[PDB]
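We've got the same protein chain twice here, in two forms, each standing alone as structure tokens: structure 1 and structure 2.
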Structure 1
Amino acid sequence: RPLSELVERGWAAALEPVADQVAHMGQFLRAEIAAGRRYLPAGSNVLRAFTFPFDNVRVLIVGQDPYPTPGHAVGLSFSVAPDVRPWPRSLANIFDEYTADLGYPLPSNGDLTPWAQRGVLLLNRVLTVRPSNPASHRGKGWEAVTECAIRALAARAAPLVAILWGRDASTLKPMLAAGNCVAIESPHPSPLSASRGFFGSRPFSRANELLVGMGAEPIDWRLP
């Protein structure tokens, strides 16, 4: 019940304003299971982005909703388990822009853990979904929780670059209007939108140049 049991302490402190809302989400999800409507990712993964330190975030990535196919979503936006192939479509697209931007080899697997360990917060606007039903928990109460997370990140003294992928960009930028923050957007990396501005957007090196402009250290994006 205390957030301190589910997330890292800095996050628990940051999210105390929505701790009741998080408790109501737990009840909603419990009811979904009782109704035979599973949800994804696994319960223990829902708040996984908030298990890496709040104080160490330098880059915030915000996507839309978790992967709807069972066996994909792991609670870090866009990430999959390291044995997963094919990669989901959005991640394949992400990884092509990665190589085009940074010149590194194509990654071996789809596990974005290393980014999360290096201060990239891999957030979705909505933290759960019903299996095979894209975006099906929109409007169910997560937006209050992720707004609190974003706003708390922005309120810290430290430099932050937010990378906003998809339709939530315009709602989120006002949350990130503060002096130590830069928010950069593009259409979502899913294939129907990616062709319209995700490809060629160079978010990884852009984010690093902006961090260096703020006197912060750039992210080591290199995946194995």
Structure 2
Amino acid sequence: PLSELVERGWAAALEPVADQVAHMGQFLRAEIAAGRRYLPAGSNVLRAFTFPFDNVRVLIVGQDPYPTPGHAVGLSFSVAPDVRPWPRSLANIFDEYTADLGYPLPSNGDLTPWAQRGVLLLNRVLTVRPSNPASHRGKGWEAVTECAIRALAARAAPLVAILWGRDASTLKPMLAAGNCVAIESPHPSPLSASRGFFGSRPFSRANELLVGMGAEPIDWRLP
């Protein structure tokens, strides 16, 4: 029952895909029964939707959770506070963080503070088989996250989208079709590094766009 698993706003917003969420629940049970594992932990799978739907001002889109055991924590790109070294994508994100914003290197890879402040860290696919990158594509997550993005875009509220998962022509449509949605283009991914990602200034440009739409900027500062 969605209201059990996600925040009040999110439970209402995701009502249309409530059965598909239940189905993914049956999928993950079937995987354990079949002797395959999944990440992140069951209690972290919908973690992105445990922060207030109404407060979201930025969407960061990834593709799939980290396939390495102990990395995936149910926020796109985030890792648990004791994870070191950081995955490549997150080191790349943090290099852009310091360059764009001028802040020092974060103390750890926990992006929880971004989530608390209205950054939706959403992966298109919300589970993965450990050590098998992108193993859960086409298992039914795509409809769920599409609806989430659709719902978010439909709010009479400012939204900036950052696309770090390369599915631009998949996602540009839903978003472009909302009232007050700005999409950061182009769509370099963290692993494209110095071929487009570094200097993309996603953070400062999100804040310029929010203030331009009469919204408060995000405080991007991590501890």
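Every residue number counts along structure 1's sequence, beginning with 1. In this text, the rigid core denotes the largest set of C-alpha atoms whose superposition between the two forms falls within 1.5 Å. Shifts are known only where both forms have a C-alpha.
Against the rigid core, a Cα displacement of 2 Å or more between structure 1 and structure 2 applies to just one of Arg30, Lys173, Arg196, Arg37. Which?
Shifted by 2 Å or more: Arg196 only.
Core-superposed comparison between structure 1 and structure 2, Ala183 Cα displacement 2 Å or beyond:
Yes.
Cα displacement of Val7 between structure 1 and structure 2, once the rigid core is superposed (Å)
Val7 C-alpha displacement between structure 1 and structure 2, core-aligned: 0.3 Å.
Rigid core superposed, please list the runs of 3+ consecutive shared residues whose C-alphas all move by 2 Å or more between structure 1 and structure 2.
That run whose C-alphas all shift by 2 Å or more is 178-196, the only one.
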